[PDB]
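Just the one chain here, laid out as structure tokens, in the form deposited in one PDB entry.
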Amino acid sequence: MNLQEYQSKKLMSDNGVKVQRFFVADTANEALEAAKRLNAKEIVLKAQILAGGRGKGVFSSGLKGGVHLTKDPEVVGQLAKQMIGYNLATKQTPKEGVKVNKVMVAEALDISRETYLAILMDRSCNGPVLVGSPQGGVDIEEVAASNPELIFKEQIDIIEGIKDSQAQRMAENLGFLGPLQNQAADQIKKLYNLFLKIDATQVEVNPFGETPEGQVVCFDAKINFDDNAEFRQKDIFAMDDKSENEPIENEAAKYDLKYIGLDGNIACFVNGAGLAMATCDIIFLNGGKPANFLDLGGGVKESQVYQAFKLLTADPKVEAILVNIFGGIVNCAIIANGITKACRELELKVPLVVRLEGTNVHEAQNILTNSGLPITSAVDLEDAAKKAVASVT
């Protein structure tokens, strides 16, 4: 899921993490009042979209730039009038841009030190890990490549919790000094407790830094969430902003379907994550471009099969569909039922290649046969991939 900047910063602020003071506005007048309420020396007005490149974007009003600084609250209101209700286009959006319904009105803070700090569960050590670098303001991948010696880690014991000495050592290695080091250590603890409270897979602060006036601040941050914890994070997941997702991914989400759009024309319909990845892989190896990844899940039900198939057939990028099922917990007949019923209710305009193995394969194959649908049966994975690639221009 995805949160707007104002949503993640509120979540952090509500948990003791220091961020810039801000308000969110959905009208130009609200932006004006928020700017007055801030009582700040300088104010930043920021359109709320998820895509990057806001600073050099252009609104459908004609206004250039999605991020503006001013000392004058009335200018905040005036510029907000040229943002709200309009589409913001950037290098990272489609040509049409994204509709801006909200702006953030925040205190503009100068940055005197920039560092990197992330918290995640370590994939090599059991338990949380703090990952930090004094080299802030760049992708962590760049630092790892150019200056691996500037990446520091503190392994945390999940039962003991974060210790003062761990937070202090990381703050020191990030380069904070004296009272700012004590501030940063305290903020690391707040970030750690937040990370556990919200079932994040990662809290990434970059830049984690300080102002010239002597305060440690999380200037910007990205939080990723564990989808497996949605059942105990309902309020956070209700904030999910889906307006910038592929619309097919949004439809798939409504039916709890794990769909990921790709740049290709051969749709994939598979009952396991490993086999789904391998199906994309083997399509590529035989000269094709998969249109999507889809893992129906071991607990897939017929209704989800039906919905998944309709999403594929309705996608204009799809020129053929490869169904590849090796059922264990998944009964192949559920696949055959969902597909045949989905096609009873529309014409099959693309070639359909089907590979079924495992649980109840013979009944499933008879269902496909007795439906009369035009199917190319495949004998194994390689044959399925070759026949799928052969079915497209």
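Definition used throughout: the rigid core is the maximal C-alpha set that superposes within 1.5 Å between two forms. Start at 1 and count along the sequence shown; that's the residue number.
There is another form of this protein, the form deposited in another entry, and it is not shown here; the text below is about that form.
- Which listed residue, 112, 155, 303, 165, is the one whose CA shifts 2 angstroms or more between the shown form and the other one with the rigid core aligned? The answer here is 303.
Check your understanding: Does residue 372 count as moved between the shown form and the other one, where moved means a C-alpha shift of 2 angstroms or more after fitting the rigid core?
Key -> Yes.
| field | residue 334 C-alpha shift between the shown form and the other one of 2 Å or more, rigid core reference | value | Residue 334: C-alpha displaced by 2 Å or more between the shown form and the other one.
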